[PDB]
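K.L.:
Residues 4 to 83, 106 to 128, 141 to 153, 156 to 421 (the authors' numbering) make up the sequence shown, in order. I have a structure I would like to understand better, so I am pasting it below and will then ask my questions one at a time.
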Amino acid sequence: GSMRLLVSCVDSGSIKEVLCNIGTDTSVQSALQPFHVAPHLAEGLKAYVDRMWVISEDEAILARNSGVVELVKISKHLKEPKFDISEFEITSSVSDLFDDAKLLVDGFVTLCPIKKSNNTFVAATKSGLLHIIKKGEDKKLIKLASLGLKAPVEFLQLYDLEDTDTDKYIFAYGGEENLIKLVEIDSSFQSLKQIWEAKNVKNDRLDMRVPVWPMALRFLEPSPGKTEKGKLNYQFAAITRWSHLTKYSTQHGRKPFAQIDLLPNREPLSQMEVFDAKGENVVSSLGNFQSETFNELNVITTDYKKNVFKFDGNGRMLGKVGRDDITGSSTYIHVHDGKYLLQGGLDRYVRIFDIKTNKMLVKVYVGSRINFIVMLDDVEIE
């Protein structure tokens, strides 16, 4: 340590840099306190950061709720115990990326490379736009395409679990009453085709339709063993806004092979982070689970109250994270490098937890609602 975090502070539409050791808790007088907190790139509530992607210690991409994607140069400067702090410069942008009449307002749901020599990124919207943007040879961002999907979209997840040399790009997406779909995008990024669409489960024991609202999805590796022709071979699991864990295997068909009620009374959920109970790093760059077996899946998800829940692949609640500390909806969670949970939401504290022990390692007040956090390399200090 110290850790170097960047935190999306929605209320000022800014990013804060936070530097601090393990053991920091700003709410506890006796505890370590952050060495540094400072504001950057404040664009106001109208233009808060939806997502970030760190390209390197010198560069990141931001996707903002103004409908703008920004390329950002990160630099280092001695703070005037000695250490460097960051400064940020937007070097290029792409604007006009939303379509709020598709139809609640629009936002970016995905910002990531398309795949792990490559300079090309996807930025996907709730309105069902899939933008493909590259950092060109001239160092500036250029939009390559804007492809349309079926709105509304809660998530768009790329598949990256086989290899990187095969000319195929696959993703899944879905949203409110919008069944999960698999799509193949041609490597020109100019055309797409839908290859699979989920079906709903049967009506329930009271002969009532079970509503459809997938919120998040993570792939698994393909089903093992012999495969049939004419069926695709993708496995994936999703969390729904009606409190389901849904498990799919396209070799089985379009219906889920299981749909499990995670909490009583349809308690709404969002987010889905794969993790290993020992803190091992078992996921791809994009968060997909590098296993063919659902029995080994464990996920972290959130309600809209204050809870952060851990579940196994059978829907058993393994425990909460931050039960007695988190007091508002946990808008953002992310499992980082297997071992850490990054957390931040309506209660205005950035937190870091240890996955294996469930211990709170860092708690820093940032004076804003939080919707995104990244952990950069550790800070060299003298």
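Ideal Cβ positions, reconstructed from N, Cα and C, are used throughout, including at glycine.
1. Which full runs of the beta strand (DSSP E) of 3+ residues lie inside the segment 40-81, going along the chain?
2. Between the Cα of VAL405 and the Cα atoms of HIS39, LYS345 and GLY4, which residue gives the shortest distance?
3. Report yes or no: do the segment 313-327 and the segment 403-420 share at least 3 C-beta pairs separated by less than 8 angstroms?
4. Taking three-plus beta-carbon pairs below 8 angstroms as touching, is the segment 179-187 in contact with the segment 241-260?
5. Over the uninterrupted beta strand (DSSP E) stretch that includes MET311, give me the two end residues.
6. Have a look at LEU259 and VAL389 and give me their C-alpha separation to the nearest angstrom.
7. Which residues in the same chain as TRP235 place their Cβ atom closer than 8 angstroms to its Cβ, once the five residues preceding and following it in sequence are excluded?
8. If you draw a straight line from the alpha carbon of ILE25 to that of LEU381, how long is it in whole angstroms?
9. Which residues mark the beginning and the end of the beta strand (DSSP E) in which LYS241 is found?
10. Is the Cβ-Cβ distance between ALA41 and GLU73 less than 7 angstroms?
11. Roughly how many angstroms lie between the CA atoms of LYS398 and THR285, to the nearest whole one?
12. I believe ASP342 touches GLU306 by the beta-carbon criterion, under 8 angstroms. Please report the beta-carbon distance rounded to the nearest angstrom.
13. Determine whether the beta carbon atoms of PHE314 and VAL360 lie at a separation below 7 angstroms.
14. Any idea which residues DSSP pairs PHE350 with across the strands?
15. Please report how far the alpha carbon of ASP246 lies from the alpha carbon of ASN239, in whole angstroms.
P.N.:
To lay it out plainly:
1. 52-59, 62-67 and 71-81
2. The residue you call residue 405 lines up with position 366 of the sequence shown. The shortest C-alpha separation from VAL405 is found at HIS39.
3. no
4. no
5. Translated into positions along the sequence shown, residue 311 becomes position 272. From DSSP, the beta strand (DSSP E) with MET311 extends over 308-313.
6. For this step, residue 259 is matched to residue 220 along the sequence shown. For this step, residue 389 is matched to residue 350 along the sequence shown. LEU259 and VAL389 have their alpha carbons spaced roughly 30 angstroms apart.
7. The residue you call residue 235 lines up with position 196 of the sequence shown. The residues are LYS220, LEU221, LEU271, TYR273, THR289 and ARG293.
8. The residue given as residue 25 occupies position 22 in the sequence shown. The residue given as residue 381 occupies position 342 in the sequence shown. One C-alpha to the other measures close to 13 angstroms.
9. In the sequence shown, residue 241 corresponds to position 202, counting from 1. It is not in any beta strand (DSSP E) - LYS241 carries neither H nor E in the DSSP assignment.
10. Stepping through the sequence shown from its first residue, residue 41 is reached at position 38. Stepping through the sequence shown from its first residue, residue 73 is reached at position 70. For the pair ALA41 and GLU73, the CB atoms are not nearer than the 7 angstroms cut-off.
11. Residue mapping note: residue 398 aligns to position 359 of the sequence shown, counting from 1. Residue mapping note: residue 285 aligns to position 246 of the sequence shown, counting from 1. Those two C-alpha atoms are separated by around 29 angstroms.
12. For this step, residue 342 is matched to residue 303 along the sequence shown. For this step, residue 306 is matched to residue 267 along the sequence shown. Confirmed, about 6 angstroms.
13. Here residue 314 refers to the residue found at position 275 of the sequence shown. Here residue 360 refers to the residue found at position 321 of the sequence shown. Contact: no.
14. The residue given as residue 350 occupies position 311 in the sequence shown. Looking at the DSSP assignment, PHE350 forms a beta bridge with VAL338 and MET356.
15. For the purposes of this step, residue 246 is taken as residue 207 along the sequence shown, with counting starting at 1. For the purposes of this step, residue 239 is taken as residue 200 along the sequence shown, with counting starting at 1. If you take the alpha carbons of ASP246 and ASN239, they lie about 14 angstroms apart.
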